[PDB]
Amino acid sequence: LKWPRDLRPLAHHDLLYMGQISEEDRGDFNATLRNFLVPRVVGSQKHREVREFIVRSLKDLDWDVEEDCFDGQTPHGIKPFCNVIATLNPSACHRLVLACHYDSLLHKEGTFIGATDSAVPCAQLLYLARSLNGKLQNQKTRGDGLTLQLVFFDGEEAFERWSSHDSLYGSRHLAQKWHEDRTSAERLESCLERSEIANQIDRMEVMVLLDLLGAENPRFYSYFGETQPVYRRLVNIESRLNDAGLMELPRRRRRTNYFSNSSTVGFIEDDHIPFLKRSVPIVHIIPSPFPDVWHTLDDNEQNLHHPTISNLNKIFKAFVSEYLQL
């Protein structure tokens, strides 16, 4: 079955622009990232400060921001959680959803920054909102029934041994909440003709979940045949940026090959699962293998690879631009 939205290839002009990184672009991203490079354990002050920074940043861009807060039982007792959902145009029927988690693992060995997991993805979502603001605000005026939505999940990490009951606290909560919140096309702005909308989760056109980003040379695969048409746009955008010489490589005459044009045999549990189970199409932008620093105290700022982050930012900016026809 074909994708419900006809995917128009990005014009060369727009590809070149989205593939440019200025000195002030790099600086802005790094300033954003610095806010996240702190321990962010569930219920802590720094975690609250990070949430407040996310909320203020997006409110300042005139997005609608909801703080979805609740208390849930964990192996460490009752804990407070708060998901952040930012929506560019609440009224638009369909959402391109980009997502990550903002909590950091409570590590048995001590202070854990979780730079790739997922401080970098958090910063990337805010950077996209900031850097594309003018174009996004223009797109919102179109009445075309599509918008951008950013979800920063709380409580992705397990408190003890990962299990169905100990992990994904924010995502399980939000997926259930949206599934049980009934609605219809008649109540929404410009739904696609053959849309089956019965609840809020049906409005999530595709969920692009970013996780474990920021290490050198990540390898991505299409984890879901359902979203192959969307995934292939990431492959194409990467190829086009390389052809144009817009990727940062350590030597001349190399290419990035992050987005493999294959599928893989790999089952990864993450915040997409509760949405996947409710028929939300998923693109999971997570590397396989995981970065070597995964869940170690070495998942820190200095182990980030900035040229890779810059390259990913170019791909993501071009992707959002293509999908929303910015």
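Here, rigid core means the biggest group of C-alpha atoms that superpose within 1.5 Å across both forms. The numbering used is simple: start at 1 and walk along the sequence shown.
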Checklist entry - Do the Cα atoms of 264 to 272 or those of 281 to 289 sit farther, on average, from the shown form in 8 other deposited structures of this protein after fitting on the core? => result 264 to 272
Checklist outcome for this item: Should one compare 159 to 167 and 97 to 105 by root mean square Cα distance from the shown form in 8 other deposited structures of this protein, core superposed, the larger belongs to 159 to 167
Checklist entry - Which wins on mean Cα temperature factor, 180 to 188 or 82 to 90? => result 180 to 188
Checklist entry - Per the entry, where is the mean C-alpha temperature factor higher: 262 to 270 or 276 to 284? => result 262 to 270
Checklist entry - From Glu205, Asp211, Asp154, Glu160, can you pick the one with the highest C-alpha B factor in the entry? => result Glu160
Checklist outcome for this item: Top Cα B-factor in this entry, restricted to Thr116, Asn242, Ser164, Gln139, sits on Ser164
Checklist entry - Considering only modelled residues of the same chain, in which third does the CA B-factor of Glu238 rank: lowest, middle or highest? => result lowest
Checklist outcome for this item: So, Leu7's CA B-factor, relative to its chain, sits in which third? The highest
Item to check | Among modelled residues of the same chain, the CA temperature factor third for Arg254 | outcome: highest
Checklist outcome for this item: The third of the chain into which the C-alpha temperature factor of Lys108 falls is the highest
Item to check | Third of the chain, ranked by Cα B-factor, where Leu1 sits | outcome: highest
